Every structure is written in structure tokens, then in C-alpha cells.
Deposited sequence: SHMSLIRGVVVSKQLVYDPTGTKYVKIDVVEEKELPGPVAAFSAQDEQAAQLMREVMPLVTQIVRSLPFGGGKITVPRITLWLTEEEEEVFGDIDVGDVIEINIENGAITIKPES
């Protein structure tokens, strides 16, 4: 039915550790408006989970699709 599309940019990735000492990568995605950026999604992924997704590098453009009962985050086409 309805759908919203957000163009995101990966501005930051940082290695962090929980109390288990399990490693995650904190990935910050912002939207550009006007020229400023607002945060839109921050993900914390293990190194495995990132491999599964594919490349998600700083400077990459990310599509965030919001529809009824689903948010999808994909690389740009």
C-alpha cells in the first residue's frame, strides 16, 4: 500500500565490546537535508553478520524502505 524511501549515507563505523567481550561494529547512517545531516539508523553488527550483508563501507549510500510491517536497508542500485 503506502511506502517511504530514505537515502542514507554511512558516516561512521566503530569497534565496540559488550560485557561478554563480544565485538560489534557500530555503524552510523545519516540523512543529508537542507546543508546538514540527521541520524537515521545506527546498527551494531558482529563481524559475521556484516559479512552476510556484504559491503557496508563509510561513504556508501544506503536505501532505507519503510512499508507496512517492514523496514528494509539495502545498498544503493
Which parts of the deposited sequence lack C-alpha coordinates?
35 to 72
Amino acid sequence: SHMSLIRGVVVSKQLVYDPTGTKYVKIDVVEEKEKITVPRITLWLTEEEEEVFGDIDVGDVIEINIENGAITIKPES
From here on, numbers count along this sequence of modelled residues.
Higher average CA B factor in the deposited record is what I'm after, so tell me if that's 63 to 71 or 9 to 17.
63 to 71
What third of its chain, lowest, middle or highest, does the C-alpha temperature factor of residue 27 fall into?
lowest
Could you look up the Cα B-factor of residue 52 in the entry and say which third of the chain it sits in: lowest, middle or highest?
middle
